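FYI, side chains are in, hydrogens and waters are out, and symmetry mates aren't considered; it's all heavy atoms of this structure. Sequence lines set the chain letters: A, B, ... in the order given, protein chains first and strands last, and positions in each chain run from 1.
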Amino acid sequence: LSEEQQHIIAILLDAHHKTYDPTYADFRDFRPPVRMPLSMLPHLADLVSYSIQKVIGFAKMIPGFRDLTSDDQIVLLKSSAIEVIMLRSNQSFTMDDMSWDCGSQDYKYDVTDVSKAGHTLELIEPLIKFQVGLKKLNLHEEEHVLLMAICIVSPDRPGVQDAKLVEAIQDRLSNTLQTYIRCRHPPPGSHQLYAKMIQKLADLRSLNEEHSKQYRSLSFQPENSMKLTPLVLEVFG
Amino acid sequence: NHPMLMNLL
Ligand SMILES: C=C1/C(=C/C=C2/CCC[C@]3(C)[C@@H]([C@H](C)C[C@H]4C[C@@](C)(O)C(=O)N4CCCCc4ccccc4)CC[C@@H]23)C[C@@H](O)C[C@@H]1O
């Protein structure tokens with residue numbers, strides 16, 4: 001509710017609007033989706049690679065992030081990219097058919113698109129439930145962009161050098177979220193909302209750990225790793 | 001050793 005806190009919220013909202021296209025116009029640039037085992041890999045690999053760029057673009061605008069060292073910025077983005085991707089995907093996720101609907105039937109993704117290969121259901125079943133539970137929080141867009149930023153600036157990520165500064169930046173955002181809920185999220189929706197949002201960050205860590213397991217299996221098959229992008233291999237590697 | 005990500009930064 002402070003002038004500084006409103007400043008943070010305005011920056012994070014504009015940063016999100018600059019890095020998330022609700023028209024999904026750029027999806028034409030991706031390799032084409034095909035729906036028959038790994039038929040969707042080239043299209044979805046380009047989707048993830050595109051989204052990593054947008055997550056980095058959002059991360060740059062977070063107040064205090066640029067004040068970090070270059071190496072802490074890389075550690076934070078490497079460990080959080082897939083978590084922010086899962087978070088930011090909730091905007092396109094719909095509970096009608098439990099799918100990410102990005103504007104066209106070709107750009108609608110369900111469990112069968114992603115969970116037919118290997119053990120990928122061990123990630124997709126918990127991921128859909130996370131999407132369902134996150135949607136049922138009905139967050140304000142202000143709260144959506146704060147949670148993404150809090151997720152990125154995490155002091156406990158492995159390999160963080162300066163950790164006190166990461167904590168100071170995250171607490172600035174965390175105190176902005178808690179004060180926002182009290183001041184503009186009315187009851188009953190705001191009941192326990194901050195604690196439920198923090199719990200979603202814990203769900204993301206287990207989804208992150210499961211994603212790491214499936215990527216390692218996917219990447220060890222060179223024929224499948226050929227289908228990825230250079231940025232995905234660099235970040236998820 | 002992360003040229004593309006550091007360039008995006
Ligand atoms: C990222 C976003 C979006 C993400 C949408 C989804 C729904 C579909 C599945 C997505 C893309 C997830 C990925 C597939 C995770 C993928 C990505 C990858 C390669 O990093 C990986 O190891 N994954 C899990 C292993 C599955 C391998 C596989 C791929 C294709 C086919 C069969 C098997 C992560 C985020 C998910 C949609 C939209 O809101 C834009 C937003 O930016």
List in chain and number order the residues that pass side chain to side chain donor-acceptor pair (under 3.5 Å) with [X], two or more places apart in sequence or in another chain; answer none if no residue qualifies.
{"X": "A/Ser89", "value": "A/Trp100, A/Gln131"}
{"X": "A/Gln192", "value": "none"}
{"X": "A/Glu122", "value": "none"}
{"X": "A/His16", "value": "A/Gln91"}

Should [X] and [Y] count as side-chain neighbours, where that means a heavy-atom distance under 4.5 Å?
{"X": "A/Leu13", "Y": "A/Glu142", "result": "yes"}
{"X": "A/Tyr107", "Y": "A/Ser92", "result": "no"}
{"X": "A/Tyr215", "Y": "A/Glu210", "result": "no"}
{"X": "A/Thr69", "Y": "A/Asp162", "result": "no"}
{"X": "A/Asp101", "Y": "A/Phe93", "result": "no"}
{"X": "A/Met197", "Y": "A/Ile181", "result": "yes"}
{"X": "A/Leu76", "Y": "A/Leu68", "result": "yes"}
{"X": "A/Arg172", "Y": "A/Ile8", "result": "yes"}

[X]: partners by salt bridge (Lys or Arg N to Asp or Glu O under 4.0 Å), with sequence neighbours left out:
{"X": "A/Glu83", "result": "A/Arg157, A/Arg205"}
{"X": "A/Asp21", "result": "none"}
{"X": "A/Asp46", "result": "A/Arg31"}
{"X": "A/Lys135", "result": "none"}

For this session: In sequence, state the C-alpha distance, the side-chain angles, and the governing distance for A/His17 and A/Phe58, and then conclude on ring pair (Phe, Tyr, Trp, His ring centres under 6.0 Å).
Result: CA-CA 9 Å; A/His17 298 135; A/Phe58 175 81; over 10 Å; no
Set of residues satisfying side chain to side chain contact (heavy atoms under 4.5 Å, CB included) with respect to [X], sequence neighbours excluded:
{"X": "A/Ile198", "answer": "A/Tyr194, A/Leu201"}
{"X": "A/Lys18", "answer": "A/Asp14, A/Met61"}
{"X": "B/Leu8", "answer": "A/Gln53, A/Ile56, A/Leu231"}
{"X": "A/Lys54", "answer": "A/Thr19, A/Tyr50, A/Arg88"}

To the closest 0.5 Å, what do you measure between [atom1] ([X]) and [atom2] ([Y])?
{"X": "A/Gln178", "Y": "A/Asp171", "atom1": "CD", "atom2": "CG", "answer": "9.0 Å"}
{"X": "A/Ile82", "Y": "A/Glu209", "atom1": "CD1", "atom2": "CD", "answer": "14.0 Å"}
{"X": "A/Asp72", "Y": "A/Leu77", "atom1": "CG", "atom2": "CG", "answer": "11.0 Å"}

Exercise. Shared ILVMFWY cluster between A/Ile11 and A/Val84, side chains joined below 4.5 angstrom?
Worked result: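 Cluster IDs for A/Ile11 and A/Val84 differ.
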Any donor-acceptor N/O pair, [X] side chain to [Y] backbone, under 3.5 Å:
{"X": "A/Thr179", "Y": "A/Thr176", "answer": "no"}
{"X": "A/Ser212", "Y": "A/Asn208", "answer": "yes"}
{"X": "A/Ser154", "Y": "A/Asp156", "answer": "no"}

Exercise. Is there a donor-acceptor contact under 3.5 Å linking the side chains of A/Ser99 and A/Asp97?
Worked result: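 Result is yes, a qualifying pair exists.
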Exercise. Is the closest side-chain donor-acceptor distance between A/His43 and A/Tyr109 under 3.5 Å?
Worked result: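 Side-chain D/A pair, A/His43 to A/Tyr109: present.
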For this session: Begin with the C-alpha distance, continue with both residues' side-chain angles, and end with the deciding distance and a verdict on side-chain contact (heavy atoms from CB on, under 4.5 Å) for A/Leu134 and A/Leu139.
Result: CA-CA 8 Å; A/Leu134 177 62; A/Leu139 308 167; 3.8 Å; yes
For this session: Determine, step by step, whether A/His185 and A/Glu143 satisfy the side-chain hydrogen bond (donor to acceptor under 3.5 Å, both in side chains) criterion, reporting the C-alpha distance in whole Å, the side-chain angles of both residues, the deciding distance to 0.1 Å, and the verdict.
Result: CA-CA 9 Å; A/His185 203 117; A/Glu143 306 162 331; 2.7 Å; yes
For this session: Considering non-hydrogen atoms only, spot the tightest contact between A/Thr229 and A/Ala45 and give its length.
Result: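 Distance-wise, the nearest heavy atoms are CG2-O, 4.0 Å.
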For this session: Check A/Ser219 against A/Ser225 and note the closest heavy-atom contact, atom names and distance.
Result: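 Looks like O-CB, 3.7 Å.
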